[PDB]
Novice: 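Once you've had a glance at the structure underneath, I'll fire off some questions.
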There are 2 protein chains.
Amino acid sequence: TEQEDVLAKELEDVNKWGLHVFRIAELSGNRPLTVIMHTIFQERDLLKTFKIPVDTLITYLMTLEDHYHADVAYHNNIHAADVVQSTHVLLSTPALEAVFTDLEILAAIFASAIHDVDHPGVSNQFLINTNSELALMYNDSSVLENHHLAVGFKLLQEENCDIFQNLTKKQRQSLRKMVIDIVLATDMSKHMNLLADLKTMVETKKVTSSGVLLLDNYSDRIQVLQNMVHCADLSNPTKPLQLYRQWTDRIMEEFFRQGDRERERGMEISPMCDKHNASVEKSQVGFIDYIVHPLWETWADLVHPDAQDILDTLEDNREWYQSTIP
Amino acid sequence: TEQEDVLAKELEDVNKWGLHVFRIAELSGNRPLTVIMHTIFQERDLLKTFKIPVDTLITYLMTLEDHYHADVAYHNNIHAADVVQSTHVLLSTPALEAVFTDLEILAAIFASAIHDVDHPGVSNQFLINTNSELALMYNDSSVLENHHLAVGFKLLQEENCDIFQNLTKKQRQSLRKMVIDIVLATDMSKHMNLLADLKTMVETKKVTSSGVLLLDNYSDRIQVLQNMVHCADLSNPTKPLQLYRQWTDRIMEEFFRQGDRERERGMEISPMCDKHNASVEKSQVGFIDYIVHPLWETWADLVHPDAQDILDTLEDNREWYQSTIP
Ligand SMILES: CCc1oc2ccccc2c1C(=O)c1cc(Br)c(O)c(Br)c1
Ligand SMILES: CCc1oc2ccccc2c1C(=O)c1cc(Br)c(O)c(Br)c1
Ligand SMILES: [Mg+2]
Ligand SMILES: [Mg+2]
Ligand SMILES: [Zn+2]
Ligand SMILES: [Zn+2]
């Protein structure tokens, strides 16, 4: 039973950027989402604040984890655990201390946990172009993200899975709306608009006397939580390289498998999905330069200087992937 | 068998506001959606422009009509026909003569036919507040309208129902996007924004010297079609009084039935849904004053003055309903 002692020792880094999430996945018996969510809920005293029975929390978490696909290389329960833990660290940043309520914290962590549930390993555009049942259900609009939300909420109805059973009716209504707004913002088709609003908030930033962010309306509060979970979703290149490279190996396997399906169907191969003509290194550099660095540099400005070490690791990782090209 | 010749002479005025849809409904064996769509398809020469096997048109329209509930007093197949024919007439507006292409004409017409399919007779807010499966599926966002679209498209996958089988893949993709954008605009939560975009467009109206409208970008074009089918959706108070009064008796039955369900479940009663405290007549005047007339007067200005007759009839029916108030 000393393996549980090793897992508990690793869980002490749950407040740290760069958690060994793949080792925790191994040490916990492929339950990184459950043990990391449980650990975070204890750390933030969320089981007592919202009167969540321990058995119900574990039962939902194991059920939610179950509905991530173990046979998809990237969008699986490890990624969900990683986004959960990354959002947890971002919530603890000094520029946001006491800024969000316990319900908003609960919503952002819950949203992170469910944000990719039941992901089949193919993109929205693939599901649209192949006339999938999901794209038909959701009228080609945020197809996956609507599905993730629907599954995440529906699993609360399985027996002893309603972790929100002791929230008031107004608490559940408020949380549900916030979770929906947050997970829908993980659709990359919303990235440019989400970042434009984040830049506007940085340019017009307001700070209280305590030194923390001033967010006095739902629109600004939910936009920060949306971008926070979005940043955590796109946090792989900001992590220590040995973690970043495994995430890159995993997403490229998922892309190549999609491209092979686009080839078996006589379709145009999606960018970076043709394993016969893809540059993994050049795609990561372009992903950082055009998407990840603009986002994280903007977030770093919002919480300046709390995120400087994360931004430094991103720029180091970009310099490294660049060096592998020549 | 004398009804078919009776059914024939009513359809002759399919190009006129005030079609005897209820007579057409009864004269057709409760199949007004089928016979009104077909008559309009022949009038606008749509079966030849898009190569649609007329037998496939009938098989889908009957399948589509069957998925409208027979036990709902308003949101059924008769409403679906009336919106179709009203949209058809708004398309023949002189200031909009050939402004929209053939595919954009087919888009607004097909969208009208499916825009309320499988409606359960209760509102989005009822479905949301009762934790319905529909609201769970669609994350409380345009619940009914997303469903209408999903059903209307799903039925095309039935035997000999793909009425768009001979459209090019680009035509089908363009038709799908416009149908979605149009039916989603029938959600009343989008009314004010839709009206506002109609307000700003009026202030920036650019026309010929024969007066007709000039729409260049897709955004301006789709907004006109959205506000058009929305205008047809809310065209009851602009019809002849005998038609308007029948639609009012039906929608108030549907409202009262929802309010009774809101009571036997113990929830707050939606406005105008409490039969023990409803003023049907006052509700109609207020519905015209705050929703129907501001929409149709903004529409009239954009089409100055081809909608003066519709605007006059609406003001007449508003005056009559007001007179019914003691
Ligand atoms: C669309 C542009 C883009 O190009 C890449 C190349 C490598 C890795 C990620 C990306 C990427 C993303 O923004 C992205 C974001 C999310 Br969220 C995903 O779930 C996936 Br999949 C991809
Ligand atoms: C929300 C205010 C309102 O009050 C009314 C009173 C009588 C009739 C219609 C309405 C009405 C609508 O806007 C409306 C619009 C559509 Br579309 C419907 O499918 C239904 Br149902 C109602
Ligand atoms: Mg996702
Ligand atoms: Mg409707
Ligand atoms: Zn993700
Ligand atoms: Zn309608």
Side-chain angles (χ1 to χ4, degrees), chain A residues 68 72 74-84 86-87 111-117 119 121 123 144-145 148 182-183 185-188 229-236 247 250-251 254, chain B residues 33 68 72-84 86-87 111-117 119-126 142 144-145 148 182-192 194-195 229-237 244 247-256 258-259 270-273 278-292 294-295 321:
Chain A
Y68 280 87
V72 299
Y74 183 92
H75 295 101
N76 55 47
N77 60 318
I78 308 173
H79 170 62
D82 181 40
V83 176
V84 160
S86 302
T87 297
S112 302
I114 71 176
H115 85 273
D116 269 341
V117 65
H119 201 296
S123 66
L144 292 161
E145 291 76 16
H148 304 320
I182 289 172
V183 175
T186 59
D187 185 351
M188 282 305 298
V229 173
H230 184 50
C231 285
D233 206 17
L234 303 185
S235 62
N236 295 164
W247 291 121
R250 282 171 180 271
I251 196 53
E254 206 172 290
Chain B
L33 178 58
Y68 279 87
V72 299
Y74 186 86
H75 297 99
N76 52 41
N77 53 320
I78 311 181
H79 176 61
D82 181 44
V83 180
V84 161
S86 297
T87 292
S112 299
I114 68 170
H115 83 286
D116 274 333
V117 70
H119 200 293
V122 294
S123 67
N124 282 328
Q125 196 58 238
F126 180 91
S142 303
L144 286 169
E145 294 73 23
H148 302 318
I182 289 172
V183 177
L184 286 187
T186 62
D187 183 356
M188 288 303 304
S189 70
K190 313 275 178 48
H191 165 71
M192 290 304 193
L194 220 55
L195 183 55
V229 181
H230 185 52
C231 279
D233 206 9
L234 308 182
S235 60
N236 292 172
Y244 180 23
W247 288 120
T248 295
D249 285 335
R250 287 175 169 269
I251 194 54
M252 289 310 180
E253 187 182 301
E254 198 173 310
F255 285 178
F256 290 169
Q258 173 175 325
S270 302
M272 306 161 296
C273 296
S279 183
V280 174
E281 297 77 18
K282 289 182 177 181
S283 297
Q284 287 305 308
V285 175
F287 179 45
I288 292 174
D289 288 351
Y290 286 94
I291 293 177
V292 192
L295 173 65
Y321 262 104

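Lettering follows sequence order; numbering is per chain, from 1. All ligand and atom numbering here is 1-based and tracks the order in the structure. Note that these values count all heavy atoms, side chains included, but never hydrogens, waters or copies made by symmetry.
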Novice: State whether a side-chain donor-acceptor pair under 3.5 Å links B:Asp187 with B:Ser142.
Specialist: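 A pair is found: one side chain offers a donor N or O, the other an acceptor, under 3.5 Å apart.
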Novice: Taking all heavy atoms of A:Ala111 and all of A:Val183, pick out the closest pair and write down the distance.
Specialist: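 In terms of heavy atoms, the two residues are closest at O-CG2, 3.6 Å.
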Novice: Tell me how many protein N, O or S atoms are within a distance shorter than 2.8 Å of the Zn ion (ligand 5).
Specialist: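 Those protein atoms number 4 in total.
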Novice: Nearest 0.5 angstrom please: B:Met192 CE to B:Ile291 CD1, how far?
Specialist: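 Separation between the atoms: 6.5 Å.
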Novice: B:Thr87 and B:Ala232: which non-hydrogen atoms are nearest, and at how many Å?
Specialist: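 In this case the closest contact between B:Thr87 and B:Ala232 is OG1-CB, 3.3 Å.
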Novice: Return the minimal non-hydrogen interatomic distance between B:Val122 and B:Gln258, and the atom names on each side.
Specialist: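 Closest heavy-atom pair between B:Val122 and B:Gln258: CA-OE1, 3.3 Å.
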Novice: Residues two or more places apart in sequence or in another chain: which of them pass salt bridge (charged side-chain N to carboxylate O under 4.0 Å, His left out) with A:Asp82?
Specialist: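 Expected list: A:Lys239.
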Novice: Taking ring-ring contact (aromatic ring centres under 6.0 Å, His included) as the test, write out the residues that go with B:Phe287, two or more places apart.
Specialist: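 For B:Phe287, no residue satisfies ring-ring contact (aromatic ring centres under 6.0 Å, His included) once neighbours in sequence are set aside.
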Novice: Whether the B:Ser270 and B:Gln125 side chains hold a donor-acceptor pair (N or O, under 3.5 Å, no angle test) is what I'd like checked.
Specialist: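 Checked: B:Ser270/B:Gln125 side chains show no N/O donor-acceptor pair below 3.5 Å.
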Novice: Distance only, no hydrogens: is a donor on one side chain within 3.5 Å (strictly under) of an acceptor on the other, for A:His115 and A:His79?
Specialist: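 Yes, because at least one side-chain N or O of A:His115 sits under 3.5 Å from a partner of the opposite role on A:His79.
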Novice: Could you give the N/O to N/O pairs under 3.5 Å linking ligand 2 and the protein, each with its distance?
Specialist:
unit_1: ligand 2; atom_1: 19 (O); unit_2: B:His75; atom_2: NE2; d: 2.7

